[PDB]
Structures are given as structure tokens and as C-alpha cells.
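Just the one chain here, the form deposited in one PDB entry, laid out as C-alpha cells.
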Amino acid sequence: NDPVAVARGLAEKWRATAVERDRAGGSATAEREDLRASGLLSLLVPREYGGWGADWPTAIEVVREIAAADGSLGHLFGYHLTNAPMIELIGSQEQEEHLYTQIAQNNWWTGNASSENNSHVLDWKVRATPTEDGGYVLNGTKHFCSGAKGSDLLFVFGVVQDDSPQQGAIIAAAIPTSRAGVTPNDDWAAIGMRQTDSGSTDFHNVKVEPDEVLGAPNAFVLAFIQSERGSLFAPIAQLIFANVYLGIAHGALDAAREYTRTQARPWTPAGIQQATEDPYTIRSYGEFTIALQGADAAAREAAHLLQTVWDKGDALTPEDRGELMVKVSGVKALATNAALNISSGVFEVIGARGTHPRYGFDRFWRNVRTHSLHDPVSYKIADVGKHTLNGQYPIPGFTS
């Protein structure tokens, strides 16, 4: 029983309500529950801890299949898969055994509260006072809490800010979402990705136990500067995002295809008698498929490289991580423009009647248009040209 077959089954059912749920917005609890019951939430967990133990390429095909049915869910399951690796990326051998196992057998959803909204991306303003026993008390509020609402395990981030020399000490921690003080709000709203629960989360004196703290204080920053296994964060995240777009593009293409075949009318002023026999429609579809062909092929090739580097572990070099990031940055560019182009252009061949909300054909674009702004594609493109021309690798961070 492979997880791609299970992913396909869930997709079939979610296409019926895709239009309903997209317009409605809000949380998609019913669908999130169906994903729990499938058991795909422990897809990247090894079999030793009651997981599927799937490789990255296999896991990506599952993400692509979910994303085609619904970009929000594809993104929800996407960010979910990126969260758990943080334990084995920086956390201890004790935390790895405990946290992976309890995710697997409880079928826990995972969310995170990392990015905020103040001066700029690199200006995180939530406190974390170090208690005498070792723990930390989180004070403040986040704004882009990807999938935090309705989740079980929350991968939170914070900063130490006081007179003591610990300024910009980035703490990571995985706590249960039922902890006192935490409040993931129902204020998420965007043009697309409407059911991705990327809202705010207020922290009113939320405690973090010694075992819940992931790695040393400012551990991620050290791994980024040294280009160690922790710096694989961005390469992993950015490939899943890219594959979510390509998924949405495939769904948009598949949805248009069937419409053209059964609903679209030929333009009779031009002497056309069949919509599927229109030369320019035929050309439009060729153009879309070929843009996906190129992008998908780059994506799958990049997935195998991620797996190769993943298998090395701590033995990975800056050269390995750099090249991978440049390739993934290249796939991010291809995915974005191919998804934006297809999701918009698909309307040309559908026609005027296809702007009726009952089809919801603009949901593909709205989903891609929204999440493509997560990080600027211009600098993904810029980071590749820097490598091409000067061999310069991207500075490791949360996105690069």
C-alpha cells in the first residue's frame, strides 16, 4: 500500500467540494480530519517509529497530488512535512525518538509560528525569558502562523531580548498546542489559500519545558553560517512550495481540458465547428503542457538531489548544500511562472461562461498568486545568476 495511491483517493473526494469550500473560506476541519484518518501525517517518519519511511521524491508526488485537488491542503500538508525534520535537523537523539513516535501513533498535525509583521522579515519581536530550570516563557504575537490552528504540535520560534548578551538568540521549540496562553486566532484571510490557517497566534506567558526546547539557543543561525544539516531547512521548504504550484497548475490544466472537451463552444465567426479542433486552442494547450513538462522535469531531478544530500546527513558540505539550493531556487522560479501563466491563461480556452462561480476556475490562480509572494521570486532568480556567473552560493537562511 503506497501513499500516492492513498493521496489519489483523497483527491477524488475533495474535488467535489473544492468550489464550495474555496468560496466559503475559513478552516477546513473535515478535510484535515480525512487526512489524519489516511495516516499520511507520518509520511516522512521512519518505519521504526511507526511511520511510512518514504523518501523525499515519493513524498513529493503525494504533495503534488493533494495540491492538484486543493492548493490550500497541498500547502497545509506541505508545511506539515517541513516541520518534523527540524527535530532531527537540530534536536537531540532523545527528542528524535520521543517526538517522531508521538506524532506517528497519535497522528498529530503540526504547525509553526515563526514569521511576524513589524519592520522587516529579519525582525522577530517575541520575547523568551530564560527560567532558572532551563525553560523559556514566550511573550508576544505572530502573524503568518502556517497551519497553527487546529494542530496538535506547534513548532514555535522566539528571541531573547534584554541587557544580557543574548541579543538575536533565536530559540526553537516544539510544544503542544494546548499549552496555557497560546491562542491561534481565526483572523486568517487572503485572496487565495483561504483554508491554510496562516493567521496570528498570541502568546500570553506560554511556558516551554527543557525537553521541548529544540537545540541550543541560536542553534539555527549557527547551522546556517556553518552550512550544516540544519541549513537544509530552506532547500526542503522551497522544493515543496514549488511542487505545490506545479500541482495547482496540473489541476488547472486538467480542469480546463475537460471543460474544453464538454462545455466550450467553437468561435463560429472564424468558421470553426469544433472547440477541440481550434488551432489556437490546440496551440495554447501545447504551450501549457510544455511549460509544465520542463518545470516538472527540473522538479523531479531536484528531488533526487535533495534525497542524495539528505542521506549524507552531517557529512554534507557547503558545496552540496549550495548547489542544491541553486537548483531548488531554479525550480521555484519555473514553478511560479508556469503556475501563474497556466492558471491565468487557462481562461483563454475556457471562455466567458467559465467565469461563473460554480466552476471556481479562478481558485487555481488565486492560490498560486497568494503563496508565490511568500518569498520574492526575483531573488530566487538572482541567487541562480550569482552562481551561474560567479559561483557564489546563496547565504543560508530561512528561505535562501
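Start at 1 with the first residue shown and count on from there. Just so we're on the same page, rigid core means the largest C-alpha set that superposes within 1.5 Å between forms.
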Highest mean C-alpha temperature factor of the two stretches 383 to 391 and 9 to 17, which is it? 9 to 17
Greater mean Cα temperature factor according to the PDB record, 328 to 336 or 33 to 41: 33 to 41
Most elevated Cα B-factor in the entry, residues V213, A298, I290, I191: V213
Selection by C-alpha B-factor (highest) of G91, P269, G71, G286: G91
Please place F364 in the lowest, middle or highest third of its chain by C-alpha B factor as given in the entry. lowest
Where does the C-alpha B-factor of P57 rank in its chain, lowest, middle or highest third? middle
Within this chain's modelled residues, let me know which third the CA B factor of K312 belongs to: lowest, middle or highest. middle
Relative to the other modelled residues of the same chain, rank the CA B-factor of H80 and answer lowest, middle or highest third. middle
Which third, lowest, middle or highest, does the CA B-factor of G247 fall in along this chain? lowest
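Just so it is clear, the following notes concern the form deposited in another entry, a form of the same protein that is not shown.
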Pick out the one residue among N118, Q93, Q226, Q293 whose C-alpha shifts by 2 Å or more between this form and the one not shown, once the rigid core is superposed. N118
When you overlay the rigid core, is the Cα of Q166 off by 2 Å or more between this form and the one not shown? yes
Between the shown chain and the other structure, the Cα gap of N83 to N117 differs by 3 Å or more. Is it closer or farther in the other form? closer
In the other form, whether the C-alpha atoms of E116 and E88 sit closer or farther than here (change of 3 Å or more): closer
